[PDB]
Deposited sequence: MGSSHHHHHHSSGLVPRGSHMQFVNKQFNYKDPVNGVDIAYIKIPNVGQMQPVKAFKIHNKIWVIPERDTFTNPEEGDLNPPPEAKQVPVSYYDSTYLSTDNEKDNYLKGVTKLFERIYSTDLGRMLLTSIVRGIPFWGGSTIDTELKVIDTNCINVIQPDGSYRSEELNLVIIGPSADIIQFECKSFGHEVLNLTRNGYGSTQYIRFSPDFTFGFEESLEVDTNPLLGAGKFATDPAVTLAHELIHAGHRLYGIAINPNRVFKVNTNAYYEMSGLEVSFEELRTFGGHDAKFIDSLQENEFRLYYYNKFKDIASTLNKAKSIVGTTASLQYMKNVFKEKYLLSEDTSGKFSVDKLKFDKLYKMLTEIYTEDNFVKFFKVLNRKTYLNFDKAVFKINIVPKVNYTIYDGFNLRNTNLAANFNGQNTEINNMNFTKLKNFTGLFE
């Protein structure tokens, strides 16, 4: 048994207990393609969020193969159906685990609300989607429909340990850094994890939560350029939080706010100028992004950015949604700075409720493993951790 619904009748964030073998239906189980590949079977676990239980050979054309040229490879991983089902379930469980915490509910709500802006038009009076913020969803009868989405969780490329939150860019627009945002893809595996020193293992809910925090930043187009580094990038230090984030430059973070506060006013000015759209009323999409960015509307219908709601939204995404705060809500052991990852990679299986639960992770209550983080101790609980 998986223990995917420890309390209540049904999972609270993921919409169905999928089986990889479940039939396609064009709604939440479907063959999809990323705007050329071969159709891939995907699961829609929530509004705006799809799971592709496949190795990623799609996003980067330069990464279409799974052999080698801090790392680990294995072309066997995630090639059979039992594996795709185990991964679909592992990702499911972890969403439920994250949503079982106040902070995770806040974060996943923010993500679903962060629809990528409709800035894909070359006519300033016109709202239009950007079609790289979409997937094509094949129906049972063979037809496509283009569906917008915020977040895709997909398997890793050749380098199974490399986890990242990446997205498709625009010729001219820096979508992750102008406020618009864009559809985020997280290369992630629930099937392996990292060691840190007593020799323990990182709880995979923390790691998924890390990448989601990047997804939040990137969905509201307030990411820190990856060229700003110490190499550790500012974006990584922010996402980790705790005392690592203090080292970000002083007032240049206060620059960052002003920059993106202005970027949000450029978006508000764009919504006001909108006079046409290319179904869904111009009214309806303007509201969508009113809700997203917390825009104010006057009796006249003009949009603007309230400084205080901006601050609260940009404080929420950049300082509250951190890896360190998740460590705290999860009450797990984590490395204390972004660098203290030692090079231990472990195979794990979190899907068996006997191995790890939505509420306790590995540190199973009322057992050996509940005290002193034993469940995360790769030697005490070596049952759950196979070193590579």
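- In sequence order, the deposited residues that have no C-alpha coordinates form the ranges 1-10, 46-48, 83-89, 218-230, 264-276, 325-326, 437-444.
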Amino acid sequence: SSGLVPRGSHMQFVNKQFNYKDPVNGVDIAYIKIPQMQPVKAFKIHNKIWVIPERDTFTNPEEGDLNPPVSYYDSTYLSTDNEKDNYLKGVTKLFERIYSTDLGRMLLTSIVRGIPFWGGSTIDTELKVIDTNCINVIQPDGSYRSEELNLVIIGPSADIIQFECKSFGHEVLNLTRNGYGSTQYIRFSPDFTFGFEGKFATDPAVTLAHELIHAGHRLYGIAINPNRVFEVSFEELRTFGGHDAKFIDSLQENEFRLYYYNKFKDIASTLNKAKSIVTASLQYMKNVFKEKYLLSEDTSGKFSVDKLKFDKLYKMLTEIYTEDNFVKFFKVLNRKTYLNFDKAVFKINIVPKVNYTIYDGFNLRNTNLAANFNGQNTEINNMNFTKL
From here on, numbers count along this sequence of modelled residues.
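- Mean CA temperature factor is higher for 341-349 when stretches 327-335 and 341-349 are set side by side in the entry.
- For the segment pair 297-305 and 177-185, the entry gives 297-305 the higher mean B-factor, averaged over Cα atoms.
- Based on the entry's C-alpha B-factors, the most elevated value among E171, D85, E291, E147 belongs to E171.
- If you compare the C-alpha temperature factors of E211, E126, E235, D102 in the entry, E126 comes out highest.
- The deposited CA B-factor of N272 belongs to the highest third of values across its chain.
- The entry lists a Cα temperature factor for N254 that places it in the highest third of the chain's modelled residues.
- In the PDB entry, a CA B factor belonging to the middle third of its chain's modelled residues is recorded for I32.
- The entry lists a Cα temperature factor for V206 that places it in the lowest third of the chain's modelled residues.
- Ranked by C-alpha B-factor against the other modelled residues of its chain, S143 falls in the highest third.
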